[PDB]
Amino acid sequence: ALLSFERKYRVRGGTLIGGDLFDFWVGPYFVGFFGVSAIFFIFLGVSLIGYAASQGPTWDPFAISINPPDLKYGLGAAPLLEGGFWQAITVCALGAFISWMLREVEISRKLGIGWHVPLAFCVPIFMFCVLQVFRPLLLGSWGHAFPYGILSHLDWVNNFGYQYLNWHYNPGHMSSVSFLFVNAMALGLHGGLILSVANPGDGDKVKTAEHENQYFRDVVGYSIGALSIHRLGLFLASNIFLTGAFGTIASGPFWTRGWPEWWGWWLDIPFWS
């Protein structure tokens, strides 16, 4: 079943790889070459997680944890029950992600729209890679990566923060957090603004582009505009990770002390010490 406007768009073409071979839909979902590769990686990855979980102490979903190898294995293969499942699942995750992104490119192409969504999706994939591949490579062991478990991943985040005494003072973290907050706030403002115009209440008239700009000129003395708030939203969201990635990469490879002590560059200048 198709949306009422959908059929006219359901044309052949737009693929990156494979051409007509996988250029079809299954229900609402476009398939394509990268749909087939996404599914393959998902199937493998999930199956691997099931089989690893069944070799551990619990089936509770919150408590299950599939962990990387000991540091001493460095960058080599680990035995399956000592980190190898984790290595295997990581390769599957990355292939699923990349397949997902490239499939979004094909769908964009078929629709004649820009490729902005898949480009934006590269940001979280890049951050995953910072956490699980690039930092572990710089430190010399896969064992610096985070484990796959709903709660156990938080235990890794926690200990990693505390390894630098107070991670809140990491300058790259401060940027990332600022972007996280301002983005949440701006999504609320943008969402509320559009709804406030479309839904004035009480059988009143829907308002206009001019009322939108007037509202914010009045409230804060500036309005960015209808197209630009979308660019801004993409910029703010993206910079959560594009700035955070430097904070993560810095911790270990480029700074081994606590984060607060980093600010001695400011505090300890002889002029005012």
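Numbering starts at 1 and runs along the sequence shown.
Per the entry, where is the mean C-alpha temperature factor higher: 115 to 123 or 73 to 81?
That would be 73 to 81.
Going by the entry, which third of its chain does the Cα temperature factor of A237 land in?
Lowest third.
Comparing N67 with the other modelled residues of its chain, is its CA B-factor in the lowest, middle or highest third?
Tercile = lowest for this residue's CA B-factor.
Could you tell me which third, lowest, middle or highest, the C-alpha B-factor of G13 occupies within its chain?
Its C-alpha B-factor belongs to the middle third of this chain's values.
Consider only the C-alpha atoms of the modelled residues in this chain, order them by B-factor as the entry records it, and name the third containing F22: lowest, middle or highest.
Tercile = highest for this residue's CA B-factor.
Going by the CA temperature factor in the PDB record, which third of the chain does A184 belong to: lowest, middle or highest?
Bottom third by C-alpha B-factor.
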